[PDB]
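Below you'll find only one chain, the form solved without this ligand, shown as structure tokens.
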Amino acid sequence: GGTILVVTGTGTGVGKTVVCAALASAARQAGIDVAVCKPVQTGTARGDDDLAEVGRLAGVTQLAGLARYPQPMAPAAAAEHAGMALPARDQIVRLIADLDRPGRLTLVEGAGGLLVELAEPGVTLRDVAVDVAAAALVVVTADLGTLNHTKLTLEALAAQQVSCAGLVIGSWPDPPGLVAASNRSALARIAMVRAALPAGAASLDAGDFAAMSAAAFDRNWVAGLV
């Protein structure tokens, strides 16, 4: 196989997708083949489609998904309101593992955060990450509260021996501001900060987003990913 990263966030709206896109883009630009798997998508009622954002921003075509729920809520809650179970632990793991292939970076995007139920029964992105032996790249914010949320997340990760491939700040504010500037220093004392995506990065066109992405991550880290 190749390298499987699960991409998780410290919450929702923290920039998970724009981060998958950005690393997919950067790794594509290093001649790495990228697949992005979003097993469970929610909020399709209002048009959430993270795989499509990825395809648009990053030109990834191996965009793989299992289920889509309309309600913009947690996967189990959306599934509840819709009357249909979540996927199985088995389809998630096998879907990801079949994606995996040597020379390919396979990015697995969760829904919300690390412990929200993704499959039946009660199985989380952390379990998935375990099952496929993937590290977790953690998307974090720059705002007040990120340090707790990040400490909590890395703790949860360590608890099941899921390695941490670092943090990405989903949205770097401009101007940074006292808190954000502080948090970036503080966050790097906890884990490697692979990039800080500028605020507004999700609105860029493909060509701009590609430039952004290549400039966002350390080139060697990216190339050293597979």
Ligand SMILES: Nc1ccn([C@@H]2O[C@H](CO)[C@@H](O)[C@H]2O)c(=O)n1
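Numbers for residues come from their place in the sequence shown, where the first is 1.
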Exercise for the section: Between 64-72 and 40-48, name whichever shows the higher mean Cα B factor according to the PDB entry. Expected result: 40-48
Problem - Mean Cα B-factor comparison, 107-115 or 80-88, giving the higher one as deposited - result: 80-88
Problem - Criterion, highest CA B-factor; candidates, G200, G55, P176, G170 - result: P176
Problem - Relative C-alpha B-factor of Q161, binned into the chain's lowest, middle or highest third - result: highest
Handout entry: Assigned third (lowest, middle, highest) for the C-alpha B factor of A180
Key = highest
Problem - Third of the chain's Cα B-factor distribution that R28 belongs to, per the entry - result: middle
Fill in the blank from the handout: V132: CA B-factor among chain residues, third -> middle
Problem - Third of the chain's Cα B-factor distribution that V93 belongs to, per the entry - result: middle
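The form solved in complex with this ligand exists for this protein as well; it is not shown, and the discussion that follows is about that form.
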Problem - Interface residue in the bound PDB entry among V193, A181, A199, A64, criterion: non-hydrogen atom within 4.5 angstroms of this ligand - result: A199
Practice task
Consider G207 of the chain shown here, and say whether it contacts this ligand in the bound PDB entry, taking contact as heavy atoms within 4.5 Å.
Solution key: no
Problem - Any non-hydrogen atom of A24 within 4.5 angstroms of this ligand in the bound PDB entry - result: no
